[PDB]
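Read the single chain below, which is given as structure tokens and is the form deposited in one PDB entry.
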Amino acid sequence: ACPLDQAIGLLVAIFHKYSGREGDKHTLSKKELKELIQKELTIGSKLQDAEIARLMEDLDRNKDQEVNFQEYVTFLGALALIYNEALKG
């Protein structure tokens, strides 16, 4: 695969690495998502618990306490905007 497809593939793999641990196999519970963030996000392990909780809360748009793939994509987009904004100085 080309660079772009590879990166997207890696992001999709990360989701499933954590979504299948408990409950529904295709959605992330509060526990799975927190673990994903602390282990896969560079600054994840240093964020306040309250902030991680707020982050997960906002990503759960339909309030079923799960973050499905579409809600995860929203998170990826937020991360991308953050990096892009920093580079534009």
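Here the rigid core means the biggest group of C-alpha atoms that line up within 1.5 Å when the two forms are laid on top of each other. For every residue, the number given is its place in the sequence shown, counted from 1.
Not on display, but discussed next: the form deposited in another entry.
Peer 1: Take the rigid core as the frame of reference and indicate whether the C-alpha of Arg54 shifts by 2 Å or more between the shown form and the other one.
Peer 2: Where the cores coincide, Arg54 still shows a C-alpha shift between the shown form and the other one that is 2 Å or more.
Peer 1: Does the distance between the two CA positions of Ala13 reach 2 Å or more between the shown form and the other one, the core being superposed?
Peer 2: False for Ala13: its C-alpha shift is below 2 Å.
Peer 1: Are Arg54 and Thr27 closer or farther apart at their Cα atoms in that other deposited form than shown, with the shift being 3 Å or more?
Peer 2: Compared with the shown chain, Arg54-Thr27 is farther in that other deposited form.
Peer 1: Can you tell whether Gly9 sits closer to or farther from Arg61 in that other deposited form than it does here, judged by CA atoms, where the change is 3 Å or more?
Peer 2: So the answer is farther.
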